[PDB]
Number of protein chains: 2
Amino acid sequence: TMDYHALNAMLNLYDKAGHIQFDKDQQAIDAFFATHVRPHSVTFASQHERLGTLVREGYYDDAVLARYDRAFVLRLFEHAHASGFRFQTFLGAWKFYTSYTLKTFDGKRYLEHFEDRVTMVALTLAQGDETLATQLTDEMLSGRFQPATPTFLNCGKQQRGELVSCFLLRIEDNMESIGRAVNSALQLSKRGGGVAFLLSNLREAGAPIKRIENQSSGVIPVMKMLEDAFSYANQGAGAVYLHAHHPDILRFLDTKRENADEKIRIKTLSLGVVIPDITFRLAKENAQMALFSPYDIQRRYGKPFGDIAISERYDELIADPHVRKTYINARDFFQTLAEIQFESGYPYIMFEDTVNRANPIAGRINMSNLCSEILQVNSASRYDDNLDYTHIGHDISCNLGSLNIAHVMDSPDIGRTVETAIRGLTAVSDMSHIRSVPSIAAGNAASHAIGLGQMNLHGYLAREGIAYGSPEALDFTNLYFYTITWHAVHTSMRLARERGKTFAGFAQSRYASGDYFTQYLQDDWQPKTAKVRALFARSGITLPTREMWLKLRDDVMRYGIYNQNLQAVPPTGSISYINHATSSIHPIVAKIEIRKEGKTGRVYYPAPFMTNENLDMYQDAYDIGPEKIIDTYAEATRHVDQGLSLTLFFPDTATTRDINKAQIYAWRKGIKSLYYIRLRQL
Amino acid sequence: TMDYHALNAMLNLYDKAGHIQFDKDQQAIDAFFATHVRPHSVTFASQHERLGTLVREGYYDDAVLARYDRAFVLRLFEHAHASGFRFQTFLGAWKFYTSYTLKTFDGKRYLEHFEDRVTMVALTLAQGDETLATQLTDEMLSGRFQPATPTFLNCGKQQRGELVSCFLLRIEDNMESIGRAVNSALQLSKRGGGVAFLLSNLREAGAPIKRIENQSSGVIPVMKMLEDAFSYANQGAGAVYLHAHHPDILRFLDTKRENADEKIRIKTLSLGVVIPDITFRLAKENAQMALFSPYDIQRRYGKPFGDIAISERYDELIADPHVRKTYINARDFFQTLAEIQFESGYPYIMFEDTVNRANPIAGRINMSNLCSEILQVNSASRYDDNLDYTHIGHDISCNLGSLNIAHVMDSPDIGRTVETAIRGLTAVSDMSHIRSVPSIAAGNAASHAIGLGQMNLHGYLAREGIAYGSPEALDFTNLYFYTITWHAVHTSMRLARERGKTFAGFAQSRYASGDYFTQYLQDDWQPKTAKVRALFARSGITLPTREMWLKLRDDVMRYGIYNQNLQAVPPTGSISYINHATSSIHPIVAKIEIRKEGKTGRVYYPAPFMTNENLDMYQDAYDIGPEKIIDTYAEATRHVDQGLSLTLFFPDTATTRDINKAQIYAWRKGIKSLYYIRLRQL
């Protein structure tokens with residue numbers, strides 16, 4: 001019966017009673033291992049000899065093993081293979097062997113299995129610490145923690161790409177900066193990519209140059225340039241963010257219209273827009289939108305457009321005659337916005353006042369990343385004519401990992417679970433040295449920002465018989481994130497003691513003063529529901545209490561924190577299939593997801609814990625709709641210091657107004673940002 | 001009668017006897033000065049007060065005057081205005097006031113007249129030396145010398161652009177270099193522009209990267225990137241050169257085809273192609289053309305494609321199995337070549353063996369400039385990951401100026417005439433510090449290359465009743481350049497004594513060994529003709545003699561030379577109209593040239609010394625044809641150490657074969673390069 005594809009395909013059939021036949025997927029795993037994995041895996045007389053061979057023939061990096069006693073290494077591997085790990089789905093297994101595990105240089109045999117890859121990851125992150133390493137191994141094999149693909153994929157390998165592949169850069173209003181950006185785009189893209197540029201500081205189309213009254217091609221030409229950079233370095237991708245109140249806003253959005261011109265046509269780059277609070281109020285009362293000149297604003301306040309608070313100074317700015325102001329219709333802005341999103345899925349939205357109002361770090365937040373999940377502060381750089389740095393500013397980069405909620409709730413020692421992931425991601429940052437872009441490097445060194453995310457929320461809720469979006473769900477979500485947060489700040493606090501240093505700028509932060517905690521010292525803490533009350537109960541998990549916050553608040557005000565930023569909820573792409581989770585805290589996109597991969601062209605993927613006796617608990621995001629989704633992310637947004645990738649799923653019948661209403665709701669509810677607008681499918 | 005345009009227009013009418021009515025142009029000058037120049041020029045109570053005012057209100061740069069005793073400055077100005085300078089044509093006057101002379105900041109009055117601008121130029125170049133300054137003034141006012149527009153236009157002004165605006169850069173086969181190039185393109189273009197890049201070292205489309213077998217998008221994506229750079233920084237322009245034997249040659253030429261695709265479509269960038277001797281031989285015997293991989297060549301010889309001698313190692317390379325070789329048809333190469341030129345005017349051709357065979361400087365010449373007149377050696381640069389220079393190579397830049405042949409022959413002291421121009425251009429280089437591109441700066445500092453050119457050759461020949469292309473013309477051309485050359489090497493030799501230093505690398509040069517002079521120590525020196533013999537006679541000019549060369553050869557082998565390169569014959573654009581010369585040593589493009597400028601849309605320009613009694617001596621380049629033109633440039637190419645911009649003018653009936661035959665002839669005759677293919681007009 002050894003066709004694994006056909007077996008998998010069986011997941012795509014319903015019996016006269018609309019039931020699936022889930023066992024067939026297991027059979028497909030089995031036949032996969034028997035007909036393909038085993039027959040093409042390389043097995044050694046022993047671990048010792050294996051590590052020997054792999055180092056010798058150039059596959060594994062001895063440098064990583066050299067930080068441990070060989071005996072320890074051999075033990076850890078064995079412990080790993082004895083955990084009794086199993087892939088839960090054909091896709092997970094297939095995805096791991098086809099694109100994660102290590103193969104021979106000629107691509108014909110496999111040199112690694114799950115526990116192996118895991119082990120090496122653990123060894124790399126723990127960098128000498130045996131306990132840590134062991135903990136990493138356990139966390140990963142239990143399915144509890146699951147680092148982002150760029151980490152899980154390269155750790156320990158000799159031929160590896162970077163561990164960090166997510167960057168946010170500023171551009172300053174001058175050729176030096178622009179030239180650097182293009183260069184940074186080349187350098188980064190050329191290995192992993194995932195780069196976003198802020199364009200808000202650039203002078204508008206028409207602004208003067210060198211005293212000559214009307215010369216400025218605007219941001220478009222700058223975009224075209226990035227677009228080509230990215231294209232040339234083939235892999236990586238780019239995004240640009242522009243403030244809503246920027247004079248080029250409309251032509252900026254027009255680039256993503258099928259029907260416009262050739263040099264107002266950016267096909268690859270992703271767009272993102274920053275929208276402050278007022279522009280909402282203006283549209284409410286059908287007023288005009290004032291677009292301010294970044295050129296004038298600079299000369300008149302000594303700060304770039306992107307470093308000032310538009311909303312706060314909206315009036316002050318309008319009254320100032322020195323600032324040229326052009327106008328457009330607020331409502332029309334949101335109109336074209338929805339129209340573009342409607343066709344391309346973009347832009348992204350970054351709710352500038354909501355974000356800065358929550359931002360505990362000194363400074364402002366003016367952009368976001370390619371997945372609209374990262375939110376940190378940055379600072380300008382200054383260059384010499386020869387392009388040498390004169391002052392190295394701070395740009396942003398971050399590594400990610402997330403832990404499977406379900407599995408977390410299936411283990412009493414949550415504190416350990418969180419401390420370990422945080423330690424591991426922290427190690428990722430510590431080991432990062434992106435020298436090709438000094439600001440990126442400098443930035444990482446001064447902040448140690450990491451992003452610990454969550455996934456499998458829907459999968460969890462389903463299992464425990466809770467409907468997505470319901471009041472119980474909303475209550476879990478809130479308390480669960482309430483918790484994770486505690487253990488993280490705690491962990492980061494501890495780290496600060498051990499390393500005897502905090503993140504740069506800690507002193508000016510909110511953590512230092514204690515304001516960060518006011519929220520957790522007031523009540524709305526305990527369970528709105530009873531079921532939820534019992535879930536944490538049955539779990540052994542202990543919801544942090546006033547005393548515990550009060551305590552942490554003192555340990556934090558005194559010892560500090562290591563990481564400037566801890567949490568962040570990006571979309572879990574393929575790592576989620578190997579971990580067998582529903583992609584983040586958003587409902588499943590389908591009961592049986594279909595991917596276009598392999599000889600068959602199709603590969604099917606059933607959701608976690610889903611059986612023919614609870615299908616009614618697995619409703620797709622389209623069915624659940626945006627309201628319930630938004631509502632969920634909101635409970636989380638209260639705690640996650642960074643941000644979460646939020647995609648709305650709309651029917652194909654939906655209208656721009658529908659979209660627009662979802663967005664307003666989002667704004668109204670506290671959402672820090674929005675990702676795509678996925679209209680219906682093929 | 002005070003319409004100057006209408007008067008000018010009169011030059012566009014023929015009487016029943018096909019005669020023009022040249023006096024009307026003079027009338028147009030007169031009415032111009034009376035109705036426009038005078039009424040809008042600003043005149044001061046005295047020079048002293050003027051220099052005072054202009055420095056105070058921000059127009060003139062006191063820094064330049066501060067290197068002289070004010071009294072000297074006042075004198076020089078007066079001497080200037082007393083020379084009795086006159087514009088010879090309405091266009092010259094109109095061109096000077098509309099786009100060279102200094103105006104008030106609001107653009108409504110004139111602050112300068114010819115002698116004024118000249119003076120400031122002299123003051124700037126002479127940098128303290130009164131004699132020099134005075135000489136500069138005389139040379140310029142007599143119409144003898146005429147510096148390139150970027151110099152004549154900015155010297156002395158407070159708001160000025162750079163004096164040097166002509167650059168040639170290398171690109172190395174790696175992202176750092178590519179990133180820098182884009183940046184250099186931005187930086188340079190953003191002020192004057194005129195930049196050319198060598199692409200020959202870049203790996204071909206398909207070559208490996210990082211061991212991965214088929215990844216290299218080739219040169220096109222790199223071109224698109226430059227193209228966008230140039231576009232963004234609005235002004236400046238770019239060129240790319242590619243070796244004929246480079247694997248991407250065909251797709252490189254295909255970019256300039258109307259009918260090809262969208263991402264194989266470079267509209268702005270100019271193309272140039274380097275073609276060695278063999279590819280000619282191969283096409284002769286209808287063989288195949290071997291295209292070698294620059295990727296392989298590097299790994300196997302430690303030198304980039306562009307630093308090796310293809311022709312010399314053509315066989316050796318074909319036999320080497322390590323060098324991947326693709327093939328195309330030689331004859332087909334030249335076919336598509338002519339076809340492209342046919343439609344766009346390009347490419348340019350750089351006859352690589354001819355050039356290196358003449359090149360007296362140690363090293364090879366692999367590219368050229370935007371006007372195909374510059375030919376020097378360059379050397380690679382090496383960068384650190386952060387884009388910082390690790391080793392600063394030597395790129396190329398050059399400033400130009402040329403002297404009106406006629407006026408030169410109308411003055412006995414040619415030696416002074418040449419020494420002065422050389423001194424002045426040398427000062428241009430000495431004062432150049434293009435810090436935004438270290439290699440450019442380093443290069444200029446090590447070579448002090450300048451380019452002294454010629455113009456008004458046709459105008460001269462006509463006046464003296466010699467037909468362009470005739471044996472007498474060919475004889476003058478040769479002897480005249482024979483002469484200029486002497487006085488230049490002499491001048492540069494002298495400079496080396498005064499400054500007590502020579503150009504870097506002098507020792508490895510040909511000047512040091514003495515081989516440069518072998519040519520001038522053998523005969524074909526004296527006049528083939530008798531008329532020519534008398535021209536130099538009537539002039540007082542003394543054709544250098546064996547003893548004079550023998551002497552210079554000893555002074556040179558001992559004291560050295562200051563400039564690595566001296567001569568170069570670019571096209572004289574607008575400066576030629578103000579100087580009233582025929583554009584370089586090529587026949588006139590018309591008897592009454594028409595330019596599309598001003599309120600009238602048209603402005604007419606009669607050639608020098610042309611009257612209704614010698615029209616038959618002024619035949620256009622179309623009439624003269626390419627053979628005679630080529631023949632002329634050949635006589636000059638024997639002496640000019642750098643190169644000359646050679647454009648062929650073909651009838652609209654011409655065919656690619658016609659073109660191709662002109663090119664072969666050119667190659668055969670010693671031409672170092674070719675510029676456009678101007679097919680007939682509108």
# chains A, B, ... in the order shown; residues from 1 in each chain; ligands from 1
$ closest_atom_pairs --of "chain B" --to "chain A" --cutoff "6 Å" --atoms "only C-alpha atoms" --output "JSON lines"
{"residue": "B:179", "atom": "CA", "partner": "A:183", "partner_atom": "CA", "distance": 5.2}
{"residue": "B:183", "atom": "CA", "partner": "A:179", "partner_atom": "CA", "distance": 5.2}
{"residue": "B:221", "atom": "CA", "partner": "A:232", "partner_atom": "CA", "distance": 5.5}
{"residue": "B:232", "atom": "CA", "partner": "A:221", "partner_atom": "CA", "distance": 5.5}
{"residue": "B:385", "atom": "CA", "partner": "A:436", "partner_atom": "CA", "distance": 4.9}
{"residue": "B:386", "atom": "CA", "partner": "A:436", "partner_atom": "CA", "distance": 4.0}
{"residue": "B:435", "atom": "CA", "partner": "A:386", "partner_atom": "CA", "distance": 5.9}
{"residue": "B:436", "atom": "CA", "partner": "A:386", "partner_atom": "CA", "distance": 4.0}
{"residue": "B:437", "atom": "CA", "partner": "A:386", "partner_atom": "CA", "distance": 6.0}
$ residues_around --residues "range 269-286 of chain A" --least-positions-apart "5" --cutoff "7 Å" --atoms "only C-alpha atoms" --output "list in words"
residues 227, 238, 239, 240, 241, 242, 243, 244, 311, 330, 331, 346, 347, 348, 349, 350, 351, 352 and 353 of chain A
$ atom_distance --atom1 "CA of residue 442 in chain A" --atom2 "CA of residue 377 in chain A"
13.3 Å
$ residues_around --residues "range 44-53 of chain B" --least-positions-apart "2" --cutoff "10 Å" --atoms "only C-alpha atoms" --output "list in words"
residues 41, 42, 55, 56, 57, 58, 59, 60, 61, 62, 65, 70, 71, 73, 74, 75, 77, 78 and 111 of chain B
$ residues_around --residues "residue 584 in chain B" --least-positions-apart "4" --cutoff "7 Å" --atoms "only C-alpha atoms" --output "NGL selection string"
:B and (454-457 or 571-572)
$ select_by_dssp --residues "range 55-249 of chain A" --states "alpha helix (DSSP H)" --output "PyMOL selection string"
chain A and resi 55-56+62-65+70-81+90-99+114-126+130-142+149-154+175-189+220-232+249
$ residues_around --residues "residue 265 in chain B" --least-positions-apart "5" --cutoff "10 Å" --atoms "only C-alpha atoms" --output "list in words"
residues 220, 223, 224, 227, 252, 253, 254, 255, 256, 257, 258, 259 and 260 of chain B
$ write_last_selection --atoms "N, CA, C and O atoms" --output "PDB file, in the first residue's frame"
ATOM      1  N   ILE B 220      22.879  42.429 -16.664  1.00  0.00           N
ATOM      2  CA  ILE B 220      21.650  43.187 -16.837  1.00  0.00           C
ATOM      3  C   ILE B 220      21.095  43.724 -15.539  1.00  0.00           C
ATOM      4  O   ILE B 220      20.909  44.923 -15.395  1.00  0.00           O
ATOM      5  N   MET B 223      23.042  46.582 -14.530  1.00  0.00           N
ATOM      6  CA  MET B 223      22.739  47.746 -15.345  1.00  0.00           C
ATOM      7  C   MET B 223      21.429  48.414 -14.934  1.00  0.00           C
ATOM      8  O   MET B 223      21.345  49.633 -14.828  1.00  0.00           O
ATOM      9  N   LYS B 224      20.396  47.621 -14.716  1.00  0.00           N
ATOM     10  CA  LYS B 224      19.109  48.186 -14.368  1.00  0.00           C
ATOM     11  C   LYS B 224      19.284  49.047 -13.138  1.00  0.00           C
ATOM     12  O   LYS B 224      18.637  50.088 -12.954  1.00  0.00           O
ATOM     13  N   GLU B 227      21.043  52.237 -13.944  1.00  0.00           N
ATOM     14  CA  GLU B 227      20.110  53.014 -14.713  1.00  0.00           C
ATOM     15  C   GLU B 227      19.197  53.745 -13.743  1.00  0.00           C
ATOM     16  O   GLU B 227      18.928  54.919 -13.918  1.00  0.00           O
ATOM     17  N   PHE B 252      23.562  41.771 -23.712  1.00  0.00           N
ATOM     18  CA  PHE B 252      23.981  43.109 -23.361  1.00  0.00           C
ATOM     19  C   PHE B 252      23.584  44.089 -24.461  1.00  0.00           C
ATOM     20  O   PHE B 252      23.092  45.176 -24.177  1.00  0.00           O
ATOM     21  N   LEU B 253      23.789  43.695 -25.713  1.00  0.00           N
ATOM     22  CA  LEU B 253      23.407  44.530 -26.840  1.00  0.00           C
ATOM     23  C   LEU B 253      21.895  44.526 -27.021  1.00  0.00           C
ATOM     24  O   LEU B 253      21.302  45.495 -27.488  1.00  0.00           O
ATOM     25  N   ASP B 254      21.263  43.425 -26.646  1.00  0.00           N
ATOM     26  CA  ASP B 254      19.828  43.298 -26.844  1.00  0.00           C
ATOM     27  C   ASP B 254      19.029  44.280 -26.016  1.00  0.00           C
ATOM     28  O   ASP B 254      17.855  44.500 -26.294  1.00  0.00           O
ATOM     29  N   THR B 255      19.644  44.842 -24.980  1.00  0.00           N
ATOM     30  CA  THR B 255      18.964  45.819 -24.143  1.00  0.00           C
ATOM     31  C   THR B 255      18.609  47.061 -24.927  1.00  0.00           C
ATOM     32  O   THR B 255      17.680  47.774 -24.564  1.00  0.00           O
ATOM     33  N   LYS B 256      19.351  47.337 -25.991  1.00  0.00           N
ATOM     34  CA  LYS B 256      19.074  48.530 -26.773  1.00  0.00           C
ATOM     35  C   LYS B 256      18.271  48.206 -28.026  1.00  0.00           C
ATOM     36  O   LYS B 256      18.446  48.841 -29.058  1.00  0.00           O
ATOM     37  N   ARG B 257      17.390  47.215 -27.933  1.00  0.00           N
ATOM     38  CA  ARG B 257      16.497  46.895 -29.034  1.00  0.00           C
ATOM     39  C   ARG B 257      15.085  47.264 -28.615  1.00  0.00           C
ATOM     40  O   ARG B 257      14.621  46.841 -27.560  1.00  0.00           O
ATOM     41  N   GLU B 258      14.404  48.037 -29.454  1.00  0.00           N
ATOM     42  CA  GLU B 258      13.046  48.511 -29.181  1.00  0.00           C
ATOM     43  C   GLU B 258      12.118  47.366 -28.788  1.00  0.00           C
ATOM     44  O   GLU B 258      11.338  47.434 -27.837  1.00  0.00           O
ATOM     45  N   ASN B 259      12.270  46.302 -29.549  1.00  0.00           N
ATOM     46  CA  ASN B 259      11.449  45.111 -29.514  1.00  0.00           C
ATOM     47  C   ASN B 259      11.715  44.056 -28.463  1.00  0.00           C
ATOM     48  O   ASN B 259      11.081  43.003 -28.505  1.00  0.00           O
ATOM     49  N   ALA B 260      12.667  44.249 -27.561  1.00  0.00           N
ATOM     50  CA  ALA B 260      12.843  43.201 -26.567  1.00  0.00           C
ATOM     51  C   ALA B 260      12.155  43.575 -25.279  1.00  0.00           C
ATOM     52  O   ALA B 260      11.539  44.637 -25.158  1.00  0.00           O
TER      53      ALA B 260
END
$ residues_around --residues "range 319-327 of chain A" --least-positions-apart "6" --cutoff "9 Å" --atoms "only C-alpha atoms" --output "count of residues only"
12
$ residues_around --residues "residue 624 in chain A" --least-positions-apart "2" --cutoff "12 Å" --atoms "only C-alpha atoms" --output "compact mmCIF listing (two decimals) with C-alpha atoms, in the first residue's frame"
# COMPACT_ATOMS: atom_id res chain seq x y z
CA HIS A 458 -7.19 27.53 18.05
CA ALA A 467 -15.38 27.89 20.45
CA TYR A 468 -13.03 30.35 18.90
CA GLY A 469 -14.06 33.89 19.72
CA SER A 470 -16.35 32.98 22.56
CA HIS A 586 -5.80 32.81 14.79
CA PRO A 587 -8.42 30.32 13.67
CA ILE A 588 -7.44 27.63 11.14
CA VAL A 589 -7.67 28.61 7.50
CA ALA A 590 -9.15 25.20 6.80
CA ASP A 616 -17.89 21.44 14.65
CA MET A 617 -15.22 22.99 16.80
CA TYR A 618 -12.95 23.68 13.80
CA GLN A 619 -14.51 26.54 11.84
CA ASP A 620 -12.30 28.37 9.32
CA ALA A 621 -11.27 32.05 9.72
CA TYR A 622 -13.62 33.01 6.96
CA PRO A 626 -12.80 39.35 11.60
CA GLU A 627 -14.73 40.55 14.61
CA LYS A 628 -13.99 37.45 16.67
CA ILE A 629 -10.44 37.34 15.37
CA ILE A 630 -9.79 40.95 16.24
CA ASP A 631 -11.31 40.45 19.61
CA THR A 632 -8.85 37.70 20.30
CA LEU A 648 -8.47 39.49 8.38
CA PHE A 649 -10.20 36.87 6.22
CA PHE A 650 -13.12 38.23 4.16
CA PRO A 651 -15.57 36.53 1.83
$ atom_distance --atom1 "CA of residue 647 in chain B" --atom2 "CA of residue 678 in chain B"
6.8 Å
$ atom_distance --atom1 "CA of residue 113 in chain A" --atom2 "CA of residue 43 in chain A"
10.4 Å
$ closest_residue --among "A:338, A:578, A:76, A:405" --to "residue 92 in chain A" --atoms "only C-alpha atoms"
A:578
$ select_by_dssp --residues "range 497-671 of chain A" --states "strand (DSSP E or B)" --output "list in words"
residues 567, 569, 592, 593, 594, 595, 603, 604, 605, 606, 644, 648 and 649 of chain A
